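# Understanding the architecture of this molecule
Here is how the chains run, residue by residue.
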Amino acid sequence: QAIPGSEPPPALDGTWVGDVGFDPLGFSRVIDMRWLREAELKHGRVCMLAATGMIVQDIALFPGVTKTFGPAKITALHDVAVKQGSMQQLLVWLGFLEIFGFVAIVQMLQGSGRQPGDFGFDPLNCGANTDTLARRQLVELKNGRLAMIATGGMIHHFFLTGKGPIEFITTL
Amino acid sequence: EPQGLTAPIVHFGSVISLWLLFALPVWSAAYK
Amino acid sequence: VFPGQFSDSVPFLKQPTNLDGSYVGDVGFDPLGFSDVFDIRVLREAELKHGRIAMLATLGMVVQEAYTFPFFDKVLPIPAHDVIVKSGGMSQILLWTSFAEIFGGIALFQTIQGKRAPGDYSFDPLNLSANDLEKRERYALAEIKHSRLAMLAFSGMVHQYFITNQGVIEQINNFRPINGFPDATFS
Ligand SMILES: CC1=C(C#C/C(C)=C/C=C/C(C)=C/C=C/C=C(C)/C=C/C=C(C)/C=C/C2=C(C)CCCC2(C)C)C(C)(C)C[C@H](O)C1
Ligand SMILES: CC1=C(C#C/C(C)=C/C=C/C(C)=C/C=C/C=C(C)/C=C/C=C(C)/C=C/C2=C(C)CCCC2(C)C)C(C)(C)C[C@H](O)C1
């Protein structure tokens, strides 16, 4: 129970990960719950990888990448890498994967049986047993939201100051 | 240098036209 | 991860409706549902035709760079397309392959009627898998795997020539990155 003054939408009735009844605008009234949860997990995972990658980029780079990309990071890095073809390759291959993601969403919405965000990617059988799986679901969702907000914060920090994450937090 | 029907341009155009002309019934039947 | 029945190849997609598993090479990989819109027999015949053409195409793309005949001339295959278009032999290749596909179309139309197996032209002059039935499906699986691999390989070789401007044998011995990237700045 998130906001005591208001009430959750009837789609928010438990039986979902992270359901604290927080939806005041009423997105679940007009949007299907499976699409919403799939999009939430997709945004969360994308932002998790983006935030970790931005931290790694502002800490340590690959060998030989500074010779071509120069001292450009975040948005200048994107502007140079679209001309380099790195982001073109990323777009092609990730859209190719999102084709299968799209048909997974379609089969979920028409009732194949899969849950939102479930792509079956579990190497090493990590967290596939007992209540650990549900705890990992909650951890993944909360950390995805946190990484989403942190990704927005890092992007806007580079917008304002023009500095990377690890150097902005040390040169206030 | 060849022109008209003897040109290979019209040859590959003809094979594409036959491809579409046979694409109608075979894929209509595969649909049915 | 969650319980439920899914495809053997893709674990987050269900088994397609028309991919029962009787046909060889079927790992349940049809995400967009092409088998739901069109017949599986016509699709299998198209797949086999594309794959066999791609097998011969990969073999040619290797050999023509490896060894060119005493006639014609020493030239890379991709511009050799234009050379033989201007020479007139490729129009004859087109005519003879069209003559073969005239009977191929009747075979395809009898495949829709269910009188012949898809892609089965009954062409086994060496009887490599004609008398034995257990070898037949193994050779069919090998043929379809080689077909898919050959389609991928010919596309790869062509698109490597399109940006590298080197032969396939030339590229595996004189491997250079594209666009001068070894010493490129602000790319
Ligand atoms: C799923 C699965 C697996 C897996 C996996 C993987 C790959 C899991 C990956 C998980 C990841 C990458 C989590 C990232 C979280 C990032 C966060 C919370 C944000 C950080 C940014 C911050 C805090 C910014 C801070 C900031 C800074 C710096 C300065 C400015 C201020 C501010 C913006 C606040 C395996 C491989 C284990 C196998 C398993 O079988 C299946
Ligand atoms: C455009 C552009 C680019 C770009 C870009 C990019 C990536 C732009 C990205 C912009 C993003 C991600 C903005 C998001 C900011 C997050 C917000 C506003 C929410 C925070 C959460 C809040 C306030 C929570 C509030 C709360 C709620 C609701 C619940 C609890 C209460 C409370 C905590 C108060 C590039 C890099 C491609 C370059 C290109 O050349 C130009």
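Residues numbered from 1 in each chain as written, not as in the entry; some residues may be left out. Chains lettered and ligands numbered in written order. Part of a larger assembly, values for the part shown. Heavy atoms only, no water.

For this deposited structure, the header cites cryo-EM as the method used and 2.47 Å as the resolution.

In the nomenclature of the PDB entry, chain C is known as ACPII-5 of Chroomonas placoidea. The record for the entry shows the title "Structure of PSII-ACPII supercomplex from cryptophyte algae".

For the rest of this paragraph, the subject is the arrangement of the chains. Ranking by contact count across 2 pairs of chains in contact places chains A and C at the top. There is a clear gap between chain A and chain B: no contact, and 21 Å between their nearest C-alpha atoms. (Contact = heavy atoms within 4.5 Å.)

Taken together, the contact between chain C and chain B spans 12 residues of the former and 11 residues of the latter. In total, about 1000 Å² of surface goes out of reach between chain C and chain B, with carbon and sulfur atoms giving 82% of it. When the buried surface of chain C facing chain B is broken down by residue, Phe38(C), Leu94(C) and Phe109(C) rank first, second and third, together holding 39% of it. Taken together, the links from chain C to chain B amount to 0 salt bridges. Our count for the contact surface shared by chain C and chain B stands at 1 residue pair in polar contact. Listing elements by their share of the side of chain C that touches chain B, those giving two or more residues are helix 2 (40-66) and helix 4 (89-112) of chain C. Here the side of chain C that touches chain B takes 6 residues from helix 4 of chain C, the largest share from any one element. Classifying every residue of the side of chain C that touches chain B by side-chain character gives 9 nonpolar, 2 polar and 1 charged. (Buried area = accessible area lost by both parts, 1.4 Å probe. Salt bridge = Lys/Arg side-chain N within 4 Å of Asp/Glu carboxyl O. Polar contact = N/O pair within 3.5 Å; in protein donor to acceptor, adjacent residues only side chain to side chain. Helix = DSSP H or I, 4+ residues; strand = E, 2+ residues; numbered from the N terminus. Nonpolar A, V, L, I, M, F, W, Y, C, P; charged D, E, K, R; others polar.)

So, on to the packing of aromatic side chains. Residue and element names in this part refer to chain C. What the rule picks out here adds up to 10 aromatic pairs over all chains. For the ring pair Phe69 and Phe71, a centre distance of 5.2 Å and an interplane angle of 25 degrees mean the geometry is stacked. Judged by relative accessible area, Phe71 falls into the partly exposed class, the value being 48%. A ring pair is formed by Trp96 and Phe99, whose centres lie 6.3 Å apart and whose planes are at 85 degrees; its orientation type is edge-to-face. Separated by 3 residues within a single helix, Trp96 and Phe99 lie in helix 4, roughly one turn from each other. (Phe/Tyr/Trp six-rings, centres within 6.5 Å; stacked < 30°, edge-to-face > 60°. Buried < 20%, exposed > 50% of the residue type's maximum accessible area, 1.4 Å probe, protein only.)

Residues and elements named next belong to chain A. Around ligand 2 lies a shell formed by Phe22, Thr75, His78, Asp79, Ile149, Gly152, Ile155 and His156. Alone, ligand 2 offers 960 Å² of accessible surface; in the complex the protein occludes 33% of this. Breaking the shell around ligand 2 down by element, the ones donating at least two residues are helix 3 (75-84) and helix 5 (130-161). Broken down by element, the residue count for the shell around ligand 2 peaks at 4 residues, all from helix 5. Grouping the constituent residues of the shell around ligand 2 by class yields 3 nonpolar, 4 polar and 1 charged. (Near = heavy atom within 4 Å. Areas by Shrake-Rupley, 256 points an atom, 1.4 Å probe, with all protein chains shown as cover.)

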